[PDB]
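Just one chain is shown here, as structure tokens, and it is the form deposited in one PDB entry.
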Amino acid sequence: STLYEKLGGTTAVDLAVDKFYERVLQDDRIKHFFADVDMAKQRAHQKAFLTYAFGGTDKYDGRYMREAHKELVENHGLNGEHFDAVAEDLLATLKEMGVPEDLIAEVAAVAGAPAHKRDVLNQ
């Protein structure tokens, strides 16, 4: 199954989520998409994204993805350049964790997959 077991338990998951959260928070390309939400919810998001990318797709229905990002698309100007910045932040986090470049490619293909990018971007 999912995230806890793929990364190797509680501490490892928290490490991945915190590093990802940190990088995105400091990323001027995209930090503003989180301006109207609290810090706890910003981290919860990076956790969700990470879970998805590692293969916990199940709980993130495309229709829910479309709706969940609709205000970003309509109100914050969310586009593909932004989507890519977040994907790239995740992969940079996993590299900074020593995760193998092949295995980063595996999640890179998931997180950045056309049907999901299409849903997030309200294409």
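Numbers follow the displayed sequence, beginning with 1. Between two forms, the rigid core is the largest collection of C-alphas that superpose within 1.5 Å.
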Higher avg CA temperature factor (33-41 vs 55-63, as deposited) belongs to 55-63
For 94-102 versus 78-86, entry-based mean Cα B-factors point to 94-102
Of the three thirds of the chain ranked by Cα temperature factor, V24 occupies the lowest
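One more form of this protein exists, namely the form deposited in another entry; it is left out here, but the text below deals with it.
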With the core superposed between the shown form and the other one, a CA shift of at least 2 Å among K70, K31, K59, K95 belongs only to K59
query = With both forms fit on the core, is the shift of the CA atom of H45 between the shown form and the other one 2 Å or larger?
reply = yes
Rigid core fit then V13 CA moved by 2 Å or more between the shown form and the other one
yes
One pair moves by 3 angstroms or more in the other entry: the C-alpha atoms of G9 and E106, which are closer
Distance flag for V110 and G9 (Cα, change 3 Å or more) in the other entry: the two residues are closer
